[PDB]
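J.: Just dropping in an experimental structure and the matching sequence.
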Amino acid sequence: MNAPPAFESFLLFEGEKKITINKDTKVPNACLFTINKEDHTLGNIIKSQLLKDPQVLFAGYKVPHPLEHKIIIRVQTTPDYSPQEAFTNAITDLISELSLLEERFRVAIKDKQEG
Amino acid sequence: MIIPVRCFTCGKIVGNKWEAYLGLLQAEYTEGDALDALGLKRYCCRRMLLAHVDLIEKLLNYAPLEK
Amino acid sequence: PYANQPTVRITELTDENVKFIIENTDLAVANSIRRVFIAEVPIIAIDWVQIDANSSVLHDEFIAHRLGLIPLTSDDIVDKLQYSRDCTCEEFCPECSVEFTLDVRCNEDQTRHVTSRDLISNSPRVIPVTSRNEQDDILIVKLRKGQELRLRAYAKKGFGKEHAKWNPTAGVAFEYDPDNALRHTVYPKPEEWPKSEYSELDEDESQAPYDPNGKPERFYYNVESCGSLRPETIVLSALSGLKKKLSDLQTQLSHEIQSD
Amino acid sequence: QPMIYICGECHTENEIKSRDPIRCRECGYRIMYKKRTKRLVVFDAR
Amino acid sequence: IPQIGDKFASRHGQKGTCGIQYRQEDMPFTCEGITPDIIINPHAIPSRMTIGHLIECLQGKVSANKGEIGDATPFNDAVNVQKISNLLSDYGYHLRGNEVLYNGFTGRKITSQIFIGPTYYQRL
Ligand SMILES: [Zn+2]
Ligand SMILES: [Zn+2]
Ligand SMILES: [Zn+2]
């Protein structure tokens, strides 16, 4: 009667942007990234990778409503740095980490099956 | 009415274990040892096999609508 | 400011589960990997049923739901098939779906067990796991003499976010800091608690001395497979899926940055 | 057009037209059931 | 199919509607990846004093781990909480039915060890 289709958690609606960047006016060098059709899976890793950047002053995320299917990630960096650049580098670092983890898991599987 | 396919909690397949479970029980296994023989180690899957009531066997006592 | 250099150590690899350890990674990465095991590792499962005849004691939706939860071997085919969203065909085609047929009739006096062995596929690679060449076959329905079940299913590509039938795991044990050194738990009576299987403590010692400078490292995993994928295929596909989620996010990020 | 029904007691496929008392021709039983339609109903296995 | 707003009840007067449904990766999990089918609020216990709910949960954990059916007949001196706890401690569990759970969203351990186990629920 009121059950949303299960794909609405993963699929973007037509004309709906995957990610939107909005300047935070309260403090300088801060941005809000509203990412649609993602959840804690990417939010937590992006936040925790951003916390590894010493040029990042704030890194947090929230799912504003569990029934809704977006996350907001707030990133504040030092003045010489940018929150968009920080977010990009965090994603790049996560991708490199996962590539290395995948190659090493392939090697470990090969060793385990062989000996 | 019939053995579920998956465990509600983890999603382990239990549908193929009801008949084997009954065969082990008539083989004078205890329910715990029978559940151990089938590889149900989490108490959720043990719940699935141990609390199942095979009502379909009673629904098959009625003749169908068509011969 | 840069990536981790995680290492891996697989401590057990069977056809049923894979038990491994990831070290030198963040807890968020470990838990996102754990979540992707459950919710973003695609597999093949029946997601369309057409009942041509069902004289059994279970109504049509019961049979359909029950067929959807039968695991189908998805190892090499899931990467090749497309989502029906992405397929440029009609409702179905062999590029985005797999056809199953089931046609059973109880003529004999003993009860006929319609099992997953009766799910006949057009694709030899995508078959019910129990039907793969021990464990018995999953029971779809019991039929009495004169009862009959004839249906035509189509299996699709999906993951556990959409429905648990596309979840490839039969349990994902995840653990870290087996000895409570980070004190992320606070036992009122630490002596009362059993020791983890990964604990390295003498029996007199209940929990490790508190580590003020500690961070969660060394996450232990036991990924049990429902049957569709091999456990190591579940882990590899999870890592690839998480990496493609991040790559797509970065692509859209670049478009948003350059459009500003 | 035929509207063949099944007998509740003898399970016999028999045709009955409108304005006809509901009686099985094989055993006279008074309760009849319609047969499953031929239309194509689809189920998402969910 | 059960949904938000459907009423469920245990056998102890503990009724309530489904507030929300989380997927298995969003629910909290034990070290062996068991997620609860249902999560009920601890504040429903103290004023109500439905200790039978807790004893049934603990007995049910013992029953599921032992492969039996628990005897909850009302006035039975051969079955008390200490015996059930001693039985549960033999299956590698905290004797009082608590377990370390992990946050499904972040994977971090929950500081307070949660009371979890099989309980018979009813859909109304
Ligand atoms: Zn289970
Ligand atoms: Zn197609
Ligand atoms: Zn008749």
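T.: Received it, and whenever you're ready, just let me know what you need. Numbering: from 1, shown residues only, chains lettered A, B, ... in the order given. Ligands and ions are numbered 1, 2, ... in the order given.
J.: Could you pick out the longest helix of the chain?
T.: I went with chain A, as the question did not name one. helix A:83-114 (DSSP state H).
J.: other chain: chain E
T.: Per DSSP H, chain E has its longest helix at helix E:51-66.
J.: close to ligand 1, is that one?
T.: No. Using Cβ under 5 Å from the ion, helix E:51-66 never reaches ligand 1; the gap is at least 10.1 Å. Heads up, the C-betas are built off the backbone N, CA and C, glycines and all.
J.: other SSEs contacting that helix?
T.: Where contact means 3 or more Cβ pairs under 8 Å, 6 or more residues apart in numbering or on different chains; DSSP states H and E, helix E:51-66 is packed against helix B:43-50, helix E:81-89.
J.: quick one: contacts of it?
T.: Applying Cβ atoms under 8 Å, 6 or more residues apart in numbering or on different chains, the contact partners of helix E:51-66 are B:32, B:43-44, B:46-47, B:50, E:10-12, E:14, E:45, E:69-70, E:72, E:79, E:81, E:84-85, E:87-88, E:91, E:93, E:96-97, E:115-120.
J.: before we move on, back to that, in CSV: the helices and strands packed on helix E:51-66, plus mean neighbour count and distance to chain C.
T.: Below are those laid out as CSV (neighbours: other Cβ atoms under 10 Å in any protein chain shown; distance: least, Cβ to the nearest Cβ, whole Å):
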stretch, mean neighbour count, distance to chain C
helix B:43-50, 24, 9
helix E:81-89, 16, 8
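J.: and residue E:50, which of those is closest to it?
T.: helix E:81-89 (14.2 Å; Cβ to Cβ).
J.: Need the residues that contact the helix or strand following that closest one.
T.: Of the helices and strands lying after helix E:81-89 in sequence (DSSP states H and E), the nearest is strand E:98-99. Contacts of strand E:98-99 with the rest of the structure, by Cβ under 8 Å, 6+ apart, involve E:30, E:31, E:93, E:113, E:114, E:115, E:116.
J.: Am I right that residue C:240 falls within a helix?
T.: Yes. Looking at residue C:240 with DSSP: H, G, I helix; E, B strand; the rest coil, it is inside a helix.
J.: which one is it nearest to, not counting chain neighbours?
T.: Nearest residue to residue C:240 in three dimensions, chain neighbours excluded: residue A:102, at 6.6 Å (Cβ to Cβ, 6 or more residues apart in numbering or on different chains).
J.: Correct me if wrong: the one you found contacts residue C:232.
T.: No. Judged on Cβ atoms under 8 Å, residue A:102 makes no contact with residue C:232 at a distance of 11.2 Å.
J.: Which of the two has more residues huddled nearby?
T.: residue C:232 (22 against 19; other Cβ atoms under 10 Å in any protein chain shown).
J.: returning to what we had before: what distance do you get for the residue nearest to residue C:240 to ligand 3?
T.: As judged by Cβ to the ion, to the nearest Å, residue A:102 and ligand 3 stand 67 Å apart.
J.: Could you give the number of residues near the residue nearest to residue C:91 when sequence neighbours are not counted?
T.: For residue C:91, ignoring the flanking residues on the chain, the nearest one in space by Cβ to Cβ, 6+ apart is residue C:84 at 7.7 Å. Residue crowding around residue C:84 was assessed by other Cβ under 10 Å; the count is 20.
J.: which ones are touching residue C:84?
T.: Applying Cβ under 8 Å, 6+ apart, the residues contacting residue C:84 are C:91, C:92, C:96, C:97, C:156, C:157.
J.: what's around whatever residue of chain A ends up closest to ligand 1, how many residues?
T.: Nearest to ligand 1, among the residues of chain A, is residue A:6, at 21.9 Å (Cβ to the ion). Residue A:6: 17 surrounding residues under other Cβ under 10 Å.
J.: which phi and psi does it have?
T.: Per-residue torsions, residue A:6: phi -70, psi -20 (degrees, to the nearest 10).
J.: cool, and residue A:78?
T.: Per-residue torsions, residue A:78: phi -70, psi 160 (degrees, to the nearest 10).
J.: Spatially, and excluding backbone neighbours, which residue is closest to residue E:116.
T.: residue E:99 is the one closest to residue E:116 (Cβ to Cβ, 6+ apart), at 5.4 Å.
J.: er, residue B:29 actually
T.: Nearest residue to residue B:29, sequence neighbours excluded (Cβ to Cβ, 6+ apart): residue B:37, at 6.8 Å.
J.: what number of residues lie near the closest residue to residue C:69 other than its chain neighbours?
T.: Of all residues beyond its chain neighbours, the one nearest residue C:69 is residue B:5 (3.9 Å), with distances taken as Cβ to Cβ, 6+ apart. For residue B:5, the neighbour count with other Cβ under 10 Å is 23.
J.: quick one: residue B:5 from chain D, how far?
T.: Here the criterion is Cβ to the nearest Cβ, to the nearest Å. By it, residue B:5 lies 11 Å from chain D.
J.: I'd like to know how far that residue sits from chain E.
T.: For residue B:5, the distance to chain E - Cβ to the nearest Cβ - is 16 Å.
J.: cool, and residue C:62?
T.: In terms of Cβ to the nearest Cβ, residue C:62 sits 12 Å off from chain E.
J.: and what of residue C:128?
T.: Distance from residue C:128 to chain E, by Cβ to the nearest Cβ: 22 Å.
J.: Residue B:40 too?
T.: 9 Å.
J.: What residues does whichever residue of chain D sits closest to chain E make contact with?
T.: The nearest approach of chain D to chain E comes at residue D:46, 8.3 Å away (Cβ to the nearest Cβ). For residue D:46, the contact set (Cβ under 8 Å, 6+ apart) comprises A:6, C:47, C:65, C:68, C:163, C:165.
J.: So which of those residues wins on neighbours?
T.: With neighbours taken as other Cβ under 10 Å, the top of the contacts of residue D:46 is residue C:165, carrying 26 neighbours.
J.: What is the three-state secondary structure of that one?
T.: helix.
J.: Would you confirm that it contacts residue C:45?
T.: Yes. Contact criterion Cβ under 8 Å: residue C:165 and residue C:45 qualify, at 4.6 Å.
J.: anything in contact with each of the two?
T.: Residues touching both residue C:165 and residue C:45 by Cβ under 8 Å, 6+ apart: C:68, C:69, C:158, D:45.
J.: pretty sure the third one is touching residue C:42, no?
T.: Spelled out, it's residue C:158. Yes. Counting by Cβ under 8 Å, residue C:158 sits close enough to residue C:42 to count as a contact (6.3 Å).
J.: Residues that sit against both of these two, list them.
T.: Contacts common to residue C:158 and residue C:42, judged by Cβ under 8 Å, 6+ apart, are residue C:166.
J.: which residues in the stretch 51-200 of chain C form helices?
T.: C:60-68 (DSSP state H, counting those that start in this stretch).
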